[PDB]
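Residue-level listing of the chains:
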Amino acid sequence: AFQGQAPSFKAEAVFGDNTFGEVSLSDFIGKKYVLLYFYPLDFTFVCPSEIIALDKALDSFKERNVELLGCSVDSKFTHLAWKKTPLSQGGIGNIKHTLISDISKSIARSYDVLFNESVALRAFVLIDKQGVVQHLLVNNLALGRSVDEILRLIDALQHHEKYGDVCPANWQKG
(Lines give C-alpha, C1' and ligand atoms only; values in the text may rest on other atoms or scores of the structure.)
Protein backbone atom coordinates (compact mmCIF):
# COMPACT_ATOMS: atom_id res chain seq x y z
CA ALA A 1 0.00 0.00 0.00
CA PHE A 2 1.43 3.23 1.38
CA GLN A 3 4.86 2.57 2.35
CA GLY A 4 7.12 4.00 -0.19
CA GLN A 5 5.90 7.05 -2.05
CA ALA A 6 2.59 8.26 -0.63
CA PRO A 7 -0.13 7.92 -3.33
CA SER A 8 0.39 10.99 -5.51
CA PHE A 9 -2.28 13.34 -6.83
CA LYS A 10 -3.02 16.51 -8.75
CA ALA A 11 -6.03 18.39 -7.40
CA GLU A 12 -7.87 21.69 -7.83
CA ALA A 13 -7.52 23.85 -4.73
CA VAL A 14 -8.71 26.83 -2.79
CA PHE A 15 -5.93 28.63 -1.02
CA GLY A 16 -5.89 30.95 1.95
CA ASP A 17 -5.89 33.62 -0.70
CA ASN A 18 -9.34 32.27 -1.56
CA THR A 19 -7.51 31.91 -4.87
CA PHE A 20 -8.17 28.85 -6.98
CA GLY A 21 -5.24 26.79 -8.12
CA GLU A 22 -3.75 23.36 -8.59
CA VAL A 23 -1.80 21.31 -6.07
CA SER A 24 0.24 18.14 -6.45
CA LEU A 25 1.62 16.17 -3.55
CA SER A 26 4.98 16.22 -5.32
CA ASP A 27 5.12 20.02 -5.21
CA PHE A 28 6.25 19.58 -1.60
CA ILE A 29 9.06 17.08 -2.03
CA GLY A 30 12.22 18.53 -0.50
CA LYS A 31 10.29 21.59 0.64
CA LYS A 32 7.72 20.84 3.31
CA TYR A 33 6.42 17.99 5.44
CA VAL A 34 2.74 17.52 4.62
CA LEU A 35 -0.22 16.92 6.93
CA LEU A 36 -2.99 15.67 4.64
CA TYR A 37 -6.35 15.22 6.37
CA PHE A 38 -9.77 14.03 5.23
CA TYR A 39 -13.31 14.95 6.22
CA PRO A 40 -16.65 13.75 4.73
CA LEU A 41 -18.34 16.90 3.49
CA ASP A 42 -18.68 20.65 3.39
CA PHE A 43 -21.76 22.43 4.78
CA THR A 44 -23.04 19.55 7.00
CA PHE A 45 -24.60 20.11 10.43
CA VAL A 46 -21.68 18.51 12.25
CA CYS A 47 -19.25 21.22 13.39
CA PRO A 48 -15.90 21.04 11.54
CA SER A 49 -13.81 20.73 14.68
CA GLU A 50 -10.89 19.22 12.74
CA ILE A 51 -10.56 21.99 10.18
CA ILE A 52 -10.69 24.65 12.76
CA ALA A 53 -8.73 23.07 15.33
CA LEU A 54 -5.98 22.72 12.71
CA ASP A 55 -6.29 26.22 11.24
CA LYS A 56 -6.22 27.69 14.74
CA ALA A 57 -2.89 25.91 15.17
CA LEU A 58 -1.51 26.86 11.74
CA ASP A 59 1.48 28.75 13.13
CA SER A 60 2.60 25.66 15.07
CA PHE A 61 2.67 23.80 11.73
CA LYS A 62 4.52 26.51 9.82
CA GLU A 63 7.14 26.67 12.59
CA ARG A 64 7.80 22.97 12.04
CA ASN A 65 7.79 23.45 8.28
CA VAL A 66 4.54 21.52 7.77
CA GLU A 67 2.06 22.22 4.98
CA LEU A 68 -1.61 21.64 5.85
CA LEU A 69 -3.93 20.15 3.23
CA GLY A 70 -7.62 19.55 3.94
CA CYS A 71 -9.45 17.18 1.63
CA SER A 72 -13.13 16.31 1.03
CA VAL A 73 -14.85 15.02 -2.08
CA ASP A 74 -16.51 18.46 -2.52
CA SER A 75 -15.65 20.72 -5.48
CA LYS A 76 -13.39 23.77 -5.22
CA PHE A 77 -16.44 25.97 -5.78
CA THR A 78 -18.15 24.66 -2.68
CA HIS A 79 -15.01 24.97 -0.57
CA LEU A 80 -14.86 28.64 -1.55
CA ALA A 81 -18.55 29.14 -0.75
CA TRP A 82 -17.98 27.40 2.59
CA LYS A 83 -15.08 29.71 3.44
CA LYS A 84 -17.30 32.70 2.63
CA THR A 85 -19.78 31.40 5.21
CA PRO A 86 -19.30 32.70 8.81
CA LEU A 87 -18.86 30.30 11.70
CA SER A 88 -22.07 31.76 13.07
CA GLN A 89 -23.86 30.33 10.07
CA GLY A 90 -22.32 26.86 9.75
CA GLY A 91 -19.30 27.83 7.68
CA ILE A 92 -15.56 27.51 8.28
CA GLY A 93 -14.92 31.16 7.64
CA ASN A 94 -11.63 32.38 6.31
CA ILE A 95 -9.21 29.56 7.09
CA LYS A 96 -5.69 30.28 6.11
CA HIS A 97 -4.43 26.92 4.87
CA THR A 98 -5.36 25.19 1.60
CA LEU A 99 -8.31 22.88 0.99
CA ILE A 100 -8.27 20.68 -2.05
CA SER A 101 -10.97 19.11 -3.97
CA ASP A 102 -11.31 15.37 -4.48
CA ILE A 103 -14.16 15.53 -6.98
CA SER A 104 -13.43 12.26 -8.74
CA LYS A 105 -13.02 10.59 -5.36
CA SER A 106 -9.66 9.30 -6.58
CA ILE A 107 -7.54 10.65 -3.73
CA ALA A 108 -9.71 9.27 -0.96
CA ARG A 109 -9.61 5.96 -2.78
CA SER A 110 -5.81 5.82 -3.12
CA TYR A 111 -5.52 6.42 0.63
CA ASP A 112 -8.22 3.83 1.38
CA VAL A 113 -10.53 6.23 3.17
CA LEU A 114 -13.42 6.34 0.75
CA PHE A 115 -16.64 5.32 2.49
CA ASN A 116 -18.93 3.31 0.14
CA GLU A 117 -17.99 5.25 -2.99
CA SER A 118 -19.40 8.40 -1.42
CA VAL A 119 -17.41 10.43 1.08
CA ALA A 120 -14.02 10.25 2.74
CA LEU A 121 -13.59 8.95 6.28
CA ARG A 122 -11.84 11.20 8.80
CA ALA A 123 -8.05 10.67 8.67
CA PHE A 124 -4.73 12.40 9.44
CA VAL A 125 -1.83 11.43 7.18
CA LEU A 126 1.66 12.74 7.86
CA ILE A 127 4.08 12.63 4.98
CA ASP A 128 7.84 13.59 5.15
CA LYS A 129 9.81 15.79 2.76
CA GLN A 130 10.65 12.75 0.63
CA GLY A 131 6.92 11.97 0.30
CA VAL A 132 6.97 8.88 2.54
CA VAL A 133 3.99 8.29 4.88
CA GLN A 134 4.96 8.38 8.57
CA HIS A 135 1.56 7.80 10.16
CA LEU A 136 -2.11 7.30 9.58
CA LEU A 137 -4.52 8.39 12.26
CA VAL A 138 -8.17 7.31 12.07
CA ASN A 139 -11.42 6.89 13.97
CA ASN A 140 -11.21 8.06 17.57
CA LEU A 141 -7.69 9.38 17.00
CA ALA A 142 -8.85 11.39 13.96
CA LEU A 143 -10.48 14.27 15.82
CA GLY A 144 -9.99 18.02 16.02
CA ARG A 145 -9.00 17.24 19.61
CA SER A 146 -6.03 15.41 18.17
CA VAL A 147 -4.03 18.44 17.06
CA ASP A 148 -1.63 18.27 19.93
CA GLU A 149 -0.82 14.58 19.42
CA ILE A 150 -0.25 15.39 15.76
CA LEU A 151 2.29 18.14 16.53
CA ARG A 152 3.87 15.72 18.99
CA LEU A 153 4.34 13.04 16.30
CA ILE A 154 5.89 15.69 14.07
CA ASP A 155 8.32 16.58 16.70
CA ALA A 156 9.14 12.92 17.25
CA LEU A 157 9.44 12.35 13.50
CA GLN A 158 11.82 15.29 13.07
CA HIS A 159 13.77 14.16 16.14
CA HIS A 160 14.03 10.62 14.70
CA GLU A 161 15.28 11.88 11.31
CA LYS A 162 17.96 13.82 13.15
CA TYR A 163 19.25 11.22 15.62
CA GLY A 164 18.01 7.77 14.59
CA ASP A 165 16.79 5.00 16.91
CA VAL A 166 18.64 3.96 20.07
CA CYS A 167 20.04 0.52 20.98
CA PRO A 168 18.93 -1.48 24.08
CA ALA A 169 22.59 -1.14 25.11
CA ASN A 170 23.47 -4.51 26.64
CA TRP A 171 22.63 -6.17 23.34
CA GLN A 172 25.28 -7.15 20.79
CA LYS A 173 25.64 -8.94 17.46
CA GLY A 174 28.13 -11.82 17.49
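Residues numbered from 1 in each chain as written, not as in the entry; some residues may be left out. Heavy atoms only, no water.

Here we take up the packing of aromatic side chains. Counted by the stated rule, this structure contains five aromatic pairs. Pairing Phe38 with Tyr111 gives two aromatic rings, centres 6.0 Å apart and planes at 45°, and the pair type is tilted. Note that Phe38 is positioned in strand β3 (residues 33-38) and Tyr111 in the loop between α4 (106-110) and β6 (114-115), a separation of 73 residues in sequence. Judged by its relative accessible area of 2%, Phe38 falls in the buried class. (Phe/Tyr/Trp six-rings, centres within 6.5 Å; stacked < 30°, edge-to-face > 60°. Helix = DSSP H or I, 4+ residues; strand = E, 2+ residues; numbered from the N terminus. Buried < 20%, exposed > 50% of the residue type's maximum accessible area, 1.4 Å probe, protein only.)

A word on the sheet that holds strand β2 (residues 20-24). Strand order across the open sheet formed by seven strands is β2-β1-β5-β4-β3-β8-β9, with mixed pairing between neighbours. Two strands bound the open sheet, and with one partner strand each, they are β2 and β9 (133-138). Across the sheet, the mean angle from the axis of one strand to that of its neighbour is 30°, orientation sign disregarded. Sheet topology note: the strand β1 (residues 10-14)/strand β5 (residues 98-101) ladder contains three bridges and is antiparallel. Bridging from a neighbouring strand, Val14 pairs with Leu99 of β5. (Pairing = 2+ DSSP bridges. Axes fitted to C-alpha atoms, helices over the stretch in contact; angles between N-to-C directions.)

Turning our eyes to something else, we now look at the UniProt feature "active site" (unreviewed entry) in the protein chain. Sequence positions flagged by UniProt for "active site" (unreviewed entry) are, in local numbering, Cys47. Within the element layout of this structure, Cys47 appears in the loop between β3 and α1 (49-56). (UniProt positions renumbered as here; feature names shortened; annotations may be inferred.)

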